[PDB]
C-alpha cells in the first residue's frame, strides 16, 4: 500500500517515486487486465543487471502474447521514461522527454521479447519487431514532471483515449492521480 510519504511525491513539483508509479500501473492493469500488462518499475533494472534469467519467473502467470499492450516504466536513475509494446503491429516504442537512452532501452526489450517468445513457444513473435521513438506526446517544460507524463501516457494508451494534455494541465493531473491512488479508483 501507499503511505502519505508516497503520495507526498505528487505535491507541488516533487519528483514522483516508484510507489506512485507502480500502484498507478496496477490500477490501470486492473481496469483492462485482458488487454494490458504493466511491468513494475523494477523489471527493466532486473533485466539489465541479471538478464532474462533474472526476470523469467516474473511472467509466471502471464501470457504476454495474448495481451494488446505492454507498459514498461523505465527508471533512468534521476528520470522516468516509458517503453510501450503493441503486439498487433509489433512495435517497441520509447517515450523520454529528451529522447535520451533510446537505443539501449528498445534493444533490451526487443531482446527480452524474442527470448520470451522462444521459451514460451510463441515463434510467431520471433519476426517483425520494429522500434520507434514516440513522437507527439506534448513537450515537458520543467525539470520535475517526467513521472507525470509517463503515467498520463500509460492511462491514455491502456484506456484508448487521446493524449489531450500538455504542460499547463500537469498540476491538475497530479491532483487527479493523487485522488485516484487515495480512492484506489481510476476515474474516467
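Numbering follows the first chain given and starts at 1.
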query	finding
Stretch with the greater mean C-alpha B-factor as recorded in the entry, comparing 83-91 against 96-104	96-104
Per the entry, higher mean C-alpha B factor between 14-22 and 160-168	160-168
Member of 136, 48, 154, 70 with the greatest C-alpha B factor (per the PDB record)	136
Modelled-residue ranking by C-alpha temperature factor, third containing residue 44	lowest
Entry-reported Cα temperature factor of residue 28, expressed as the chain third it lands in	lowest
B-factor third for the C-alpha atom of residue 147 within its chain	lowest
Assigned third (lowest, middle, highest) for the C-alpha B factor of residue 64	middle
